[PDB]
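Heads up, the chain below is alone and in the form deposited in one PDB entry; it's given as structure tokens.
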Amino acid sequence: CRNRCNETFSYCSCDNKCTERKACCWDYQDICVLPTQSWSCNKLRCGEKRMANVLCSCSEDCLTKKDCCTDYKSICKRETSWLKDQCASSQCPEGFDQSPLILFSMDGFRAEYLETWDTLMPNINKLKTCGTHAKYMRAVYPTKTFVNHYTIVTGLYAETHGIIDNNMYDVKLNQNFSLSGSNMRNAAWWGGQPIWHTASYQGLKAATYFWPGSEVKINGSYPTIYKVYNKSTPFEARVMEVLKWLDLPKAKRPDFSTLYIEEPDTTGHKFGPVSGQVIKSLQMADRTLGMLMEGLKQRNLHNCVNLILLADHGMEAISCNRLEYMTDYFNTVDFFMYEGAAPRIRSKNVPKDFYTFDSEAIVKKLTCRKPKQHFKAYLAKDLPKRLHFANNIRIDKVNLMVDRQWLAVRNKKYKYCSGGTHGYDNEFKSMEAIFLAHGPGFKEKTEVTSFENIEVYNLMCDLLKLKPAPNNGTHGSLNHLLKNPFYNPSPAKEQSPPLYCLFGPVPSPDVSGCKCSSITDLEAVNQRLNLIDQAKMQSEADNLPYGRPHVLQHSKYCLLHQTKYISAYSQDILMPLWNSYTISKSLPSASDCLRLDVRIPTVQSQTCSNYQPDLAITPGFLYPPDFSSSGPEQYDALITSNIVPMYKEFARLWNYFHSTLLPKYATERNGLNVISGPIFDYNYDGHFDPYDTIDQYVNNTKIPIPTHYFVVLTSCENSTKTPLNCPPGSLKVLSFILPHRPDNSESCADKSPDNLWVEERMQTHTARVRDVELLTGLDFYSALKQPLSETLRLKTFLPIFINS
């Protein structure tokens, strides 16, 4: 009965375009309105031909007319369906010289959806089982659609590429940006180099079916091919016009490609991440992918196209019952608020009062007002440096960190409170996205640990054989995903060798202001800072077992070898750049004895009388004298070469870290290697800066005040092994970048009892080793017997606590 499905006029079930009568009749037509409303073709049609109006083609002249249905070749003609096919085990056609790349984004697909519902998404599940997949992939803060999409194709942080939020205001442009229409396509907003222009400049074709910015002329050009954004466009028709692109002639066949759909972001927003509707949209999404996988099969490139499946962010459940209102903290709410899970506060009157608007008073009124607020206010410079959310004029100073599942909004007329949303901290589980990968150059049946999304850009360029523009990702750290890693990482060279800080006598007279009444033979006690070549060797491998930090910053430093610690002292800051010591489990001891170091030139040292009374700053100890056995050993730490100016309120947390927290971490982890130092970042760019940049000092001195203090903790993931005998691959790292502040208002405790606020506080301030390097100009883990791409894996890693 074939003539002519949903037809007029010409047994039963061929008629009619009803013109309903009680019987149309059913049988042969229902499997028909299909070719027009479905992207799949059935049996009852297999071998049929074109029809006047259709979506997908089944059949019969279609394999070479370049139009038929992804499942046609298996559900019409019968060959192994991709889905029903094993994971084995082989290249592109010849009209395909180099391996193509498809970047497929399912907006709002959180990592948890995958682990929990994998069985409900057969095609994504097959793909994960046999592709190369990550446990989760992190987003950048704030977790919004454009921030993270454009981040994904530029390899850059929000603050560098400039799309720092859905809605933003730039005072220098005096302009507004909204995803809700024009002018968002104004190129003035978009910094950097999207992947599609990286392909265009270096000679490749890039086609985008929808990506944030694809419709925008960044730097004066578009993606070779792009699409005006329409959300009503059926997903399947995207997959079809995407597959059509690779049927194109090899000269205009696009090499790079993007695919994007709005689910399960839409349904996650309406009904929340744990809902039946969300599961439905996940199936929808898995179908959208299955088709693509099939058109990969229909053609012969399924094992050739490299495909990245990911999302920009996760989804978190919200409620009208969990909202913070600025009316609770402001008798007068008079200011502009960007509302949500990632709020900001600025002036209503812009440009004029943009800078004048007092962001610190606004933070100070939002601070410690109710015993348990569900958010925290920060000046951007005071945000955790892991977020890299500071250096942009668009990033307003006032920022709120909202607890997960909660929202911070202006008034009580707030309405979008139900369902789910995103924008929270990229450390929250609910915000993690998926990463899956299938293709040559990607291992099969491999899972990898979590990595950040700022890596993906390099990866794409490495797959496309390109040279990526400067970005925040660390090239080579993803080579564990790659059969043939395109780019081999090169150790950065030390640009500042060590200088010598030699031995000398006790000055006469000693004007340092130092006093230590307990030492009996002084030149003897000082003789312990002058090690013989093999005491120095033992200490050199016991306290710097992973190698000495290379110094890439131009600095004047020198190496101070002691038995229990080692440090590089820089005459530029009058303190050590870095300090390393190992504590081995196991393991009341502070300053009452203090003296100058005979190895430091006086003019280049801090003095005991530099820290005069009438101060909010005391000398803190980089190597804790807490950790050495009395007596002669403790003297080795009680020198002015081991001190850093610390705000007393910071010293509070720091001392609690030596005295209680560090011993516990050490015995919990079977000892630790500790390398700590200061950070000066007064331009809040996340880098080290010229020493002319430091804007604060110890009063009536030239002693620089560090903006942060960093601590890198190193041990073995095998608690059976110590930091010293741990094989490099299994090394465990917990890094800290602690804000150096005059008060603890951030813990909302300028009060007792040091207990549980310190650990929480540090917990939100962890960082990658890479973050510390960039802030200090230091290179770590130089002497590790390991492919360096592995060592890059260890340094992109960010420790996250379960609230622990």
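Position 1 is the first residue in the sequence shown; the rest follow in order. C-alpha atoms forming the largest set that superposes within 1.5 Å between two forms make up the rigid core.
Unmodelled deposited residues between residue 10 and residue 11: 4 to 9, per the record. In terms of unmodelled positions of the deposited sequence, the stretch from residue 89 to residue 90 in this entry skips 1 to 3 residues.
Look at the C-alpha B-factors of 686-694 and of 229-237. On average they run higher in 229-237. As recorded in the PDB entry, 48-56 is the stretch of 48-56 and 764-772 with the greater mean C-alpha temperature factor. The entry assigns its greatest Cα B factor, within the set 577, 454, 501, 478, to 501. Per the PDB record, 250 has a higher Cα B-factor than any other of 138, 397, 250, 376. Residue 82: CA B factor lies in the highest third for its chain, per the PDB record. The entry lists a Cα temperature factor for residue 254 that places it in the highest third of the chain's modelled residues. Placement of the Cα temperature factor of residue 746 within the chain: lowest third of the modelled residues, per the deposited record. Residue-level temperature factors show residue 759 in the middle third of its chain, judged at the C-alpha atom. Ranked against the other modelled residues of its chain, the C-alpha B-factor of residue 343 as given in the entry falls in the lowest third.
Quick note: we don't show the form deposited in another entry, though the next part is all about it.
Residue 753 is among the residues whose C-alpha shifts by 2 Å or more between the shown form and the other one once the rigid core is aligned.
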